[PDB]
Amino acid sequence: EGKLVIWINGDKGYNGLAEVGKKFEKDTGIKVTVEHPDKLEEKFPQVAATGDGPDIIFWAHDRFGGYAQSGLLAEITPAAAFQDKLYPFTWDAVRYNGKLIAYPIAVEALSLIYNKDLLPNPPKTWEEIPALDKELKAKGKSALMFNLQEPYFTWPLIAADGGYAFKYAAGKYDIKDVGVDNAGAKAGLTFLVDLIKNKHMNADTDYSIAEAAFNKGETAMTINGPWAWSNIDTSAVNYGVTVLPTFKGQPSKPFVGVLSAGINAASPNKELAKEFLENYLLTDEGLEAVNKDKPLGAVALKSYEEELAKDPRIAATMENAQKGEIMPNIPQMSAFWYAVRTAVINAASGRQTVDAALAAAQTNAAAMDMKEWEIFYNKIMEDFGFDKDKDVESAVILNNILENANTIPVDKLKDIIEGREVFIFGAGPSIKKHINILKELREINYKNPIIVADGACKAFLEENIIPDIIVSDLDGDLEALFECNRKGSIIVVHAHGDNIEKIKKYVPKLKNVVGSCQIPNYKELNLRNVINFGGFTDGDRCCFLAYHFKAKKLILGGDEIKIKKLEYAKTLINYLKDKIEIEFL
């Protein structure tokens, strides 16, 4: 690793980035290898978490906040002379918790691309597209085709009439205020699902299918970004780039991306990556070498944007950009994108209704997703030596057992845990002291939810306080638990590679059970009786649980492999201290 490895998406001008790398090698003899693996935004966090991966990563800024909170990105500290060369708003896109975590490259915004020969007057509104499609279908052509597998391309329509991802409240994105299932979101998605049902589009259209059909003159319109103009030029189709159509009188609001280059925190060539990006790529000569391969958009480098801003296609990119919103860079963006992706794919295929698709996305958009959990998960698994495959087998087993015996619906805990000051109790030393604080606090009518770890069951019975929820792996004294379970307590049973025995044993004899697993696949495994809210120990898992179900504020009242679990606990508890009030007792 005496050289530079660079990762950028396959739809970008990586050949042009290689040209810059060749010049870097020419002057410093440092070989530069540009790669474009599939799903690089998801592969990088995995390879980087261990110390592997490229030296420089390229992607829209929206993923970089999750990379930084995981500690995967070195902090960039360019001289003020260099920062002044880039627009300040592009720097803001890559600032996370006051630290710049990447170099901004170019502003990406989707635009409407139309065939002038097939359609010299592109439509101004979505509503008039169905009439245009049947009209074009009389000539063997379609009106519109674009990638329906990535929510990036359908979000402009979903957001036109009021849809939003996370409310921007008082200078901060409120991860609790998600707007993917409000009136506007449903309206936008419905119009898109109607387009499929009415045969104006196919739910199967993906990137390649849409690009092929448009560049072959089969469809009159597509929706894509500046990177796609290069292939359209080669296809000889006479195209134009214009403003996206309006929906219900309101403009389409595409999430605007800023292509950014992050430096791997484990890379041993940090200073080399710094000089390459600052002195080779982010120059008029360097950005253009990339731009002539595949257009970047509105570049962040001021000197080079003055020339591109004259291009009418770039003019439309910014007009569409000004009507949308720069994406957040917060770590929860990964969860939002998965939620919307699944909702669209499910509502498009008809396999699920628009109402239920968005309602499911609403829950899991703000819910912690297995993206910042992949980091903690495997870190804990090999640190203790747990068998990753056994966490699978136990999670699956737990699910099948709950399919036919004595379940409680998830939203009944949502009935308890919401807008309330939930009490979380571990088996700590001050349990009796803090339980005394709570009792005299509950004795005065401040009677709000109570979630307790397994080892605290008997510690609560003795004061005749029946916990509302109990998080347990069914390891120790189960008698105290069982008594609580029928006096009202809901039991959240957690799957453990070392607990598969007692799962099959004690579960069927319990009432009011909800499933838990640590495994991060499960959603892809399509397990519907278990859930991974996040967390390692019963204590911290209680916190993820209350958080997962929209709890206002947490209130807590609780051989090295015993000391090392208490560290992951505080590690994971501090993780949520920036997402929910966490007042200790």
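We number the residues from 1 along the sequence you see.
- Could you bin the unmodelled part of the deposited chain lying between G558 and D559 as none, 1 to 3, 4 to 9, or 10 or more? A long stretch, 10 or more residues, is missing between them.
- Query: Going by the B-factors listed in the PDB entry, is the mean over the C-alpha atoms higher for 507-515 or for 93-101?
  - Reply: Per the PDB record, 507-515.
- Item | Selected stretch [higher average CA B-factor]: 455-463 or 265-273 | If you average the C-alpha B-factors of 455-463 and of 265-273, the larger mean comes out for 455-463.
- Report the option among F425, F386, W155, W229 whose CA atom has the maximum B-factor in the deposited record. In this record, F386 carries the highest C-alpha B-factor of the candidates.
- Message: Sorting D84, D174, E211, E443 by Cα temperature factor from the record, which one lands on top?
- Response: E443 has the highest C-alpha B-factor of those listed.
- Name the third of the chain's ranked CA B-factors that contains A183, choosing lowest, middle or highest. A183: CA B-factor falls in the middle third of its chain.
- Item | Position of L576 among the chain's modelled residues by C-alpha B-factor, lowest, middle or highest third | Highest third.
- Task: Divide the modelled residues of the chain into thirds by Cα B-factor and specify which third, lowest, middle or highest, holds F376.
- Result: Highest third of the chain for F376's C-alpha B-factor.
- Lowest, middle or highest third - CA B-factor, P331: Bottom third by C-alpha B-factor.
- If you rank every modelled residue in this chain by C-alpha B factor, which third holds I582: lowest, middle or highest? Within its chain, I582 is a highest-third residue by C-alpha B-factor, going by the deposited values.
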